[PDB]
């Protein structure tokens, strides 16, 4: 109510609303990107896709269609009652083919959920989160210049996690990851 209103006014004071669509050319071959490019599901097995260089071959990742090299940006993601997901940003230069650990040291800033109830930030070591109200909708907030990546419950304005301030190298991309085969898709909220 007031908390929702303050969350809305804070987004306006500081952050540009990003209109994020998923790039199917980046998506791991086990992922399905929806025809409107807002939603993500998983297949029972890898589909036959070209191994173009941008595609994540190991990690069940997909990128947005536009990168950020500067400024303050947010987008919101409907996670709904998914039991598993991770979202955030990654550098353009992340490893796409070989496994790397999804950590800030390797150019990934993500948080998410496993097994329905285990909220974690994928810092190294991983940060155990304690979340009083499981979010249905998550806001991702980027400040490129100050090296800030933070996450909020978009419905009640409660804070979830802020990574330590860092120094980004090169463009950042929105990144999305799902490991499970379950009924609820991951869906980006349009700007």
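Numbering follows the first chain given and starts at 1.
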| item | value |
| --- | --- |
| Entry-level comparison of average CA B-factors, 43 to 51 and 136 to 144, reporting the higher stretch | 43 to 51 |
| Given 14 to 22 and 171 to 179, the range whose Cα B-factors average higher in the PDB entry | 14 to 22 |
| From 127, 162, 28, 34, residue of greatest CA B-factor | 127 |
| Member of 86, 73, 118, 96 with the greatest C-alpha B factor (per the PDB record) | 118 |
| Third of the chain, ranked by Cα B-factor, where residue 90 sits | lowest |
| Cα B factor band for residue 110 (lowest, middle or highest third within the chain) | lowest |
| Residue 62 CA temperature factor, ranked by third within the chain | lowest |
| Record-listed C-alpha B factor of residue 150: chain third | lowest |
